[PDB]
Amino acid sequence: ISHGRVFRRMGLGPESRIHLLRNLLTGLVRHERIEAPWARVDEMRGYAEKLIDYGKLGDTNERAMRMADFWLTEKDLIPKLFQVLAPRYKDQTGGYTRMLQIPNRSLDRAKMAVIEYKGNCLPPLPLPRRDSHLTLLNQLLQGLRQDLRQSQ
Amino acid sequence: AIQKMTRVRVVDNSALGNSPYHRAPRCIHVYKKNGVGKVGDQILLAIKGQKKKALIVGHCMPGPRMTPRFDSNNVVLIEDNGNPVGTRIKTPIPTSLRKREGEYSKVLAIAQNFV
Amino acid sequence: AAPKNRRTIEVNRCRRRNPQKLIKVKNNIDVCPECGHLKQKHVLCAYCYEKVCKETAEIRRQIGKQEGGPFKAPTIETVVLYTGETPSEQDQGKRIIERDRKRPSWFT
Amino acid sequence: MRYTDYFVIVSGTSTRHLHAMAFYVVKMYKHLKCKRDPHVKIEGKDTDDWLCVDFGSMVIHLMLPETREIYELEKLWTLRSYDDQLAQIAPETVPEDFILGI
Amino acid sequence: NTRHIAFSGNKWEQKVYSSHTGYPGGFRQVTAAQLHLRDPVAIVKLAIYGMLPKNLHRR
Amino acid sequence: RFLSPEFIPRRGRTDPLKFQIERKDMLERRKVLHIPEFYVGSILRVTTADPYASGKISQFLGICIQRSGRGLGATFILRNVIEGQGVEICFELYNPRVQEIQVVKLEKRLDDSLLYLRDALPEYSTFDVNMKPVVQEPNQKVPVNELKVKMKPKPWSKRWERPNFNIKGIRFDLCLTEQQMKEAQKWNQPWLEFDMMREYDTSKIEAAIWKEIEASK
Amino acid sequence: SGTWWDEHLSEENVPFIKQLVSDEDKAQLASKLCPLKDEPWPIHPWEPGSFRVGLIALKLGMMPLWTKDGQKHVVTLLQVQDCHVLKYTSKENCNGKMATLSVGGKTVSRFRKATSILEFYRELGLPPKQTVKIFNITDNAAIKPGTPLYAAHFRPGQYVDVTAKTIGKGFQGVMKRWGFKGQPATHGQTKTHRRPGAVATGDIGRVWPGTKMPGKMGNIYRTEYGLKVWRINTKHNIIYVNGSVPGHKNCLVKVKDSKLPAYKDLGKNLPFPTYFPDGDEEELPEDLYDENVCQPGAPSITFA
RNA sequence: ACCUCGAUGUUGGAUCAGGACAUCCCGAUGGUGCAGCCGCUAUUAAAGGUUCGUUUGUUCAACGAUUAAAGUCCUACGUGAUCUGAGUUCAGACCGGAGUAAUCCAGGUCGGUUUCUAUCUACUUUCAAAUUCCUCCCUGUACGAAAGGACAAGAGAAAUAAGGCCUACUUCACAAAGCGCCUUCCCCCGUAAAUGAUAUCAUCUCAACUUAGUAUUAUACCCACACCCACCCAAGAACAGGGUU
Ligand SMILES: [Mg+2]
Ligand SMILES: [Mg+2]
Ligand SMILES: [Mg+2]
Ligand SMILES: [Mg+2]
Ligand SMILES: [Mg+2]
Ligand SMILES: [Mg+2]
Ligand SMILES: [Mg+2]
Ligand SMILES: [Mg+2]
Ligand SMILES: [Mg+2]
Ligand SMILES: [Mg+2]
Ligand SMILES: [Mg+2]
Ligand SMILES: [Zn+2]
């Protein structure tokens, strides 16, 4: 029995859970794109988004500094968080990270996800693209839309 | 809940209850179908080398909402007849004792404080 | 506990060869419109992804050369540049990374 | 005092005399009782000396003179915290630092 | 006219039909009369069924 | 602004409509009986109808020790030592039985629960049954009592020294030893301060409750 | 290959299709808000032995409710959402003693439903419902399909029966499933703490059928009998029922009149075919209450 | 008696029970040396129920407090591939006794290794149509010299059992739980009566027949069937199930 259990147990306990996630997050901050097991990417993903909001609070916020101190192990990334990442996402209220499913790991046969912060410098991931508006079905649907708008 | 082998406190002016002794009074028996005793229930006591019947008056275990909850297990020594051996009850007793089924009127009569 | 009698080949063959224990056919395969290799739907094309990751691998190598040592992640944004292209006016004031090859078609 | 409007104490000659009174009072009660007025129960029929009956807003105590001398119910209810019987008994306090000495 | 069958003697309410559900205490014993009221077809059905050979062809 | 704890709902999969229904019911009751702004440290005197009697009036005074529950069933618990007996009563806020709630002495304590007062010395929970209300100017900061309380011997109802309770209002120096303190530290869980998905922000939620409340009046 | 509705739609068409189908469910609900006006079936006055249709309600949650005697009764809240009549089957065709009425529940998406089911609902002229339950009715109780149903269908003082699928606890041990005592924790007891005891007697060379042993618990239909209806909110269509109701919150329950012998002929005054708000015979207030219920916004209770 | 059981012994206990009625309690009758209250005896009934401690390894028993009662059995004196090992059993030791001794003892006393990864059979949500105690009313009545003290009909409180649930309390905290809350519905097959023959009266009928007596059943629950991309889930070992407007 475990309905509405939100967090998935991960390491060799709750302390380890955090520690793995913190490592993943540290990587992602630094490199801006990271491949890891699908469960762990999904798990860390949330904390990644929550980090940008704390980063949006600014350098001056003492609370936000203490949070950044804990979650970034490199200590050189903390300036980057506050002077690179926070300014980048000024417009958006949410949705800073994208996650995708990529082929399974060779050794292990594990489900693998790539996670990246949006608007990075890197070459863009091959992304799922919906079919063109000029397709036969889309053209017939556009036909129906024309009918409804031109009726009134 | 006061069950078998529970220490209780005799809140009476009765000599037997207030007498200095090496043992605290112990609950021998509970007069209920299931062993647990709430307030108003009768229980048997081993005090000072004798058995005595007693009425439960307030207890530590939480009860219904607006009903009071005491910090000690308080009992009043009664005869088998129903006559309380003591004359006065210093400690407050819950008012709920009134509407409950049984012989409670006499104990209410000798009590000073209702909470 | 221990088996009381040897299981026959027929009994075993019924166990092993029922549809439950068989490999199920995958019906979610498609052609990658980009490269023409096979990809599963709902999953990124293995070929296309390798291609991206080899490019991004080399970019990260150039990042290391310029940064030159640990704990030196800059406090500006970054941009990557190829042979025969120049930073814009808005590109001014951010980290530049150079390349010795032409810009890929897919990377714009 | 959240008990009753009127408290009543009456004495009796003998045990069987007390039953006579209590049983008449309850019997007459039912006669004049309102429909919705709840039914009442006599207390302590097994008891020798003390009988009690509770009504809606009246409470009655039937006793011998013997039990009146030992309970002093009138004194309790007229003057609450100021009666002689409460004075003799004193609250017991645990010692400071919680050390007993012989 | 399976309802209008006749029994010889006191066989209407001497003769019982026994059946057990798998479950403990599942033994049910009903008289021919009381079974007849449940299902009129039942008596004839049970008689014929018992008369056929006890093989796989029976059913 | 002060919003009553009961109005802010817990994290759940309860549909919003259920809360809207309950809020309307609560607000109707608030019109009838004034609910005062009180905190966990504060002193309250509650007057109720007594069903075990023929509509006689009971008042009880004591110190609040906890405030919990949501919607109509939301409650608080009052403590007091009456003539050498500790008494605790849990009261429903929206019970029709209650006649009047008054704030006799409005103060916060260091911590949000005071259930340790059972284990504290008797006098810290002993409050005069007949005391005069003491009132302060409307636009004043809610005053905090920074009292720490002395304790009984170490067998307690709960192990208060453990950091999960996070009690700031106990004189630990007096009762515990240094080794006991460092023993308690084995249960620290320092990551829990920085767990980001563990937190519950009620900002937008409270805003919408305010919108409902201002509409009601 | 399997195809869902989005496979071949551009970003431009997706919002358009979404809004189009949303419009049509609203239009279909709009059409049927006037049952009596549209050519209905004959309405018969109630006589003894008659059974009427029920409802399909969603369990919102739970609340306290107070009575004048001062007692606290917990109520469960049941919201009637897009409840309609689907199909009528005569006593002949159903092969039952009673005729049957089909009732639909929570409105659901057309895109996730089966072909035939979509066809069925198209013929009706209503959007697809999540649950369907069948009610056993007498001949007089017949209601033309497509007719909506409302919470005021029930009135306070009425007792109801409530059936839903219980909360699913998956594969459970014998101890939590059947409340077996289990074995002591100390004094030896090697690797036996929660095990079922001796299963059966040694004489029998088997295990009796229907023995209690560890297995899948919950997730089955259970009914609660004789729940009093304390209160009706007419605006939101809320039924307030006494005590606990089976299944989780935001689940669909089947609620009908109580079957119990005590309340066998209590349906006299209760709106027989159904309650028709469109009738305008008397406009029902915001709320309906039982006599004993303390009104929210009424003066504080005295026992005087 | 027996070439039938047992090489991880047997007694108890734990857990979980299945069944019989020769019924301990609750139900229905007949008689009574049945005024009423308790009682005594017999017929019918196995749906349900049948307590907790102390002494002793206790099965027994005694003792204490209860109850409505604390039934009698059978099931390899049920059940140890589900569990203990307390007594009695192997290697050590002592008291007492036998014996020249080695050693022994139906006595007393201390210590002493309980394996198994389930192949097959069987089974793993069938239905609860719920039982009982107490208090009050009748009534303090009938009855009875008094003392005492009813039955049907009805009301309220509890306790357990089954099935659920989380608004409060509580362990806790997107939830799960009890110490908490909600619901819980048919009757018994023994006799008591008429009318009326054999046997013109009478007679309750293994006579024809007529009422207690339905001398058999409920009602309720479930009940449509795409894609089986992917995601989510109050659904879940996997699988399946629900939602995805
Ligand atoms: Mg692991
Ligand atoms: Mg404790
Ligand atoms: Mg246990
Ligand atoms: Mg072992
Ligand atoms: Mg163990
Ligand atoms: Mg021979
Ligand atoms: Mg042999
Ligand atoms: Mg018999
Ligand atoms: Mg035998
Ligand atoms: Mg065995
Ligand atoms: Mg040893
Ligand atoms: Zn490709």
# chains A, B, ... in the order shown; residues from 1 in each chain; ligands from 1
>>> residues_around(residues="residue C:71", least_positions_apart="3", cutoff="8 Å", atoms="only C-alpha atoms (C1' of nucleotides)", output="list in words")
residues 74, 75 and 76 of chain A
>>> write_last_selection(atoms="N, CA and C atoms", output="short mmCIF file (atom, residue, chain, number, x, y, z; two decimals), in the first residue's frame")
data_model
loop_
_atom_site.label_atom_id
_atom_site.label_comp_id
_atom_site.auth_asym_id
_atom_site.auth_seq_id
_atom_site.Cartn_x
_atom_site.Cartn_y
_atom_site.Cartn_z
N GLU A 74 30.31 22.65 -6.36
CA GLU A 74 31.51 23.16 -7.00
C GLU A 74 31.88 24.54 -6.47
N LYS A 75 30.88 25.30 -6.00
CA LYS A 75 31.00 26.62 -5.39
C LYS A 75 31.40 27.69 -6.41
N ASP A 76 31.79 27.27 -7.62
CA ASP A 76 32.12 28.21 -8.67
C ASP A 76 30.91 28.39 -9.57
#
>>> residues_around(residues="stretch 32-47 of chain H", least_positions_apart="4", cutoff="10 Å", atoms="only C-alpha atoms (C1' of nucleotides)", output="NGL selection string")
:H and (20-21 or 23 or 27-28 or 131 or 142-144 or 148-150 or 188-191)
>>> residues_around(residues="residue D:96", least_positions_apart="2", cutoff="12 Å", atoms="only C-alpha atoms (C1' of nucleotides)", output="PDB file with N, CA and C atoms, in the first residue's frame")
ATOM      1  N   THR D  93       2.138  18.151  47.916  1.00  0.00           N
ATOM      2  CA  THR D  93       3.085  18.631  46.920  1.00  0.00           C
ATOM      3  C   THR D  93       4.367  17.804  46.975  1.00  0.00           C
ATOM      4  N   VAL D  94       4.925  17.530  45.788  1.00  0.00           N
ATOM      5  CA  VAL D  94       6.205  16.853  45.633  1.00  0.00           C
ATOM      6  C   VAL D  94       7.326  17.816  46.023  1.00  0.00           C
ATOM      7  N   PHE D  98      13.001  16.979  43.611  1.00  0.00           N
ATOM      8  CA  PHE D  98      12.371  15.664  43.599  1.00  0.00           C
ATOM      9  C   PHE D  98      13.252  14.633  44.307  1.00  0.00           C
ATOM     10  N   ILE D  99      13.627  14.951  45.553  1.00  0.00           N
ATOM     11  CA  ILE D  99      14.357  14.043  46.426  1.00  0.00           C
ATOM     12  C   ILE D  99      13.535  13.847  47.697  1.00  0.00           C
ATOM     13  N   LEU D 100      13.262  12.581  48.029  1.00  0.00           N
ATOM     14  CA  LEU D 100      12.649  12.245  49.304  1.00  0.00           C
ATOM     15  C   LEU D 100      13.744  12.001  50.338  1.00  0.00           C
ATOM     16  N   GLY D 101      13.469  12.404  51.586  1.00  0.00           N
ATOM     17  CA  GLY D 101      14.369  12.182  52.706  1.00  0.00           C
ATOM     18  C   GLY D 101      13.635  11.586  53.904  1.00  0.00           C
TER      19      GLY D 101
ATOM     20  N   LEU F 121       7.175  22.076  34.676  1.00  0.00           N
ATOM     21  CA  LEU F 121       6.757  22.262  36.057  1.00  0.00           C
ATOM     22  C   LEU F 121       5.319  22.781  36.118  1.00  0.00           C
ATOM     23  N   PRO F 122       4.520  22.327  37.116  1.00  0.00           N
ATOM     24  CA  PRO F 122       3.090  22.642  37.208  1.00  0.00           C
ATOM     25  C   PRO F 122       2.673  24.109  37.087  1.00  0.00           C
ATOM     26  N   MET F 151      11.938  21.948  33.629  1.00  0.00           N
ATOM     27  CA  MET F 151      11.322  20.659  33.358  1.00  0.00           C
ATOM     28  C   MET F 151      11.287  19.798  34.619  1.00  0.00           C
ATOM     29  N   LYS F 152      10.522  18.703  34.547  1.00  0.00           N
ATOM     30  CA  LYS F 152      10.554  17.636  35.533  1.00  0.00           C
ATOM     31  C   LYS F 152      11.710  16.691  35.197  1.00  0.00           C
ATOM     32  N   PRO F 153      12.021  15.664  36.032  1.00  0.00           N
ATOM     33  CA  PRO F 153      12.931  14.578  35.646  1.00  0.00           C
ATOM     34  C   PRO F 153      12.688  13.964  34.268  1.00  0.00           C
TER      35      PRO F 153
END
>>> residues_around(residues="stretch 70-75 of chain B", least_positions_apart="2", cutoff="8 Å", atoms="only C-alpha atoms (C1' of nucleotides)", output="PyMOL selection string")
(chain B and resi 2+7-11+54-60+68+77) or (chain F and resi 85-88)
>>> residues_near_ligand(ligand="ligand 9", cutoff="8 Å", atoms="only C-alpha atoms (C1' of nucleotides) and all ligand atoms", output="VMD selection string")
chain H and resid 74 to 77
>>> interface_residues(of="chain B", to="chain D", cutoff="7 Å", atoms="only C-alpha atoms", output="NGL selection string")
:B and (13 or 81-82 or 87 or 103 or 112)
>>> residues_near_ligand(ligand="ligand 2", cutoff="10 Å", atoms="only C-alpha atoms (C1' of nucleotides) and all ligand atoms", output="list in words")
residues 60 and 61 of chain B; 155, 156, 157 and 158 of chain F
>>> select_by_dssp(residues="stretch 22-127 of chain A", states="helix (DSSP H, G or I)", output="VMD selection string")
chain A and resid 22 to 31 38 to 57 62 to 71 77 to 88
>>> residues_around(residues="residue C:47", least_positions_apart="6", cutoff="10 Å", atoms="only C-alpha atoms (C1' of nucleotides)", output="list in words")
residues 103 of chain A; 32, 34, 35, 36, 37, 38 and 39 of chain C
>>> write_last_selection(atoms="C-alpha atoms", output="CSV table (one decimal), in the first residue's frame")
chain,number,residue,atom,x,y,z
A,103,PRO,CA,17.8,4.7,-26.5
C,32,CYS,CA,13.6,8.6,-39.0
C,34,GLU,CA,15.8,13.0,-41.0
C,35,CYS,CA,18.5,10.3,-41.6
C,36,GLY,CA,16.3,7.4,-42.8
C,37,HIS,CA,17.4,5.0,-40.1
C,38,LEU,CA,15.0,3.2,-37.9
C,39,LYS,CA,13.8,4.8,-34.7
>>> residues_around(residues="stretch 63-72 of chain A", least_positions_apart="5", cutoff="7 Å", atoms="only C-alpha atoms (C1' of nucleotides)", output="PyMOL selection string")
(chain A and resi 22+26+54-55+57+77-78) or (chain F and resi 194)
>>> write_last_selection(atoms="C-alpha atoms", output="short mmCIF file (atom, residue, chain, number, x, y, z; two decimals), in the first residue's frame")
data_model
loop_
_atom_site.label_atom_id
_atom_site.label_comp_id
_atom_site.auth_asym_id
_atom_site.auth_seq_id
_atom_site.Cartn_x
_atom_site.Cartn_y
_atom_site.Cartn_z
CA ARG A 22 22.51 16.85 -5.79
CA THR A 26 25.51 19.92 -10.05
CA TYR A 54 15.63 30.37 -5.70
CA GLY A 55 18.18 31.76 -8.17
CA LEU A 57 15.46 35.67 -5.74
CA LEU A 77 28.72 27.47 -10.19
CA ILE A 78 26.93 29.63 -7.58
CA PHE F 194 17.18 22.04 2.05
#
>>> residues_around(residues="residue F:107", least_positions_apart="2", cutoff="9 Å", atoms="only C-alpha atoms (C1' of nucleotides)", output="list in words")
residues 38, 39, 40, 41, 42, 43, 105, 109, 142, 143, 144 and 145 of chain F
>>> interface_residues(of="chain C", to="chain A", cutoff="12 Å", atoms="only C-alpha atoms", output="ChimeraX atom specification")
/C:32-35,38-61,63-64,70-81,91,94-97,103-108
>>> interface_residues(of="chain A", to="chain G", cutoff="8 Å", atoms="only C-alpha atoms", output="PyMOL selection string")
chain A and resi 1+130-133+137-138+141-142+145
>>> write_last_selection(atoms="C-alpha atoms", output="PDB file, in the first residue's frame")
ATOM      1  CA  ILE A   1       0.000   0.000   0.000  1.00  0.00           C
ATOM      2  CA  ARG A 130       4.493  17.427 -35.310  1.00  0.00           C
ATOM      3  CA  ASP A 131       3.686  17.020 -39.020  1.00  0.00           C
ATOM      4  CA  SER A 132       3.350  20.002 -41.370  1.00  0.00           C
ATOM      5  CA  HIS A 133       0.093  21.933 -41.754  1.00  0.00           C
ATOM      6  CA  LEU A 137      -5.534  15.572 -42.770  1.00  0.00           C
ATOM      7  CA  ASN A 138      -4.372  19.005 -41.567  1.00  0.00           C
ATOM      8  CA  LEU A 141      -9.163  20.144 -40.714  1.00  0.00           C
ATOM      9  CA  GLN A 142      -8.130  23.633 -41.859  1.00  0.00           C
ATOM     10  CA  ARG A 145     -11.992  25.646 -39.483  1.00  0.00           C
TER      11      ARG A 145
END
>>> residues_near_ligand(ligand="ligand 4", cutoff="10 Å", atoms="only C-alpha atoms (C1' of nucleotides) and all ligand atoms", output="PyMOL selection string")
(chain G and resi 188-191) or (chain H and resi 113-115)
>>> interface_residues(of="chain H", to="chain F", cutoff="6 Å", atoms="only C-alpha atoms (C1' of nucleotides)", output="list in words")
residues 167, 168 and 174 of chain H
>>> closest_residue(among="G:194, G:236, G:249, G:68", to="ligand 3", atoms="only C-alpha atoms and all ligand atoms")
G:194
>>> interface_residues(of="chain A", to="chain F", cutoff="7 Å", atoms="only C-alpha atoms", output="number ranges by chain")
A: 15, 47, 50, 67
>>> write_last_selection(atoms="C-alpha atoms", output="mmCIF file, in the first residue's frame")
data_model
loop_
_atom_site.group_PDB
_atom_site.id
_atom_site.type_symbol
_atom_site.label_atom_id
_atom_site.label_comp_id
_atom_site.auth_asym_id
_atom_site.auth_seq_id
_atom_site.Cartn_x
_atom_site.Cartn_y
_atom_site.Cartn_z
ATOM 1 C CA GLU A 15 20.328 10.896 2.778
ATOM 2 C CA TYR A 47 14.657 20.139 -7.919
ATOM 3 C CA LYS A 50 12.968 24.790 -8.049
ATOM 4 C CA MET A 67 20.172 26.938 -0.568
#
>>> residues_near_ligand(ligand="ligand 11", cutoff="10 Å", atoms="only C-alpha atoms (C1' of nucleotides) and all ligand atoms", output="PyMOL selection string")
chain H and resi 110-112
>>> atom_distance(atom1="atom CA of residue C:65", atom2="atom CA of residue C:100")
14.3 Å
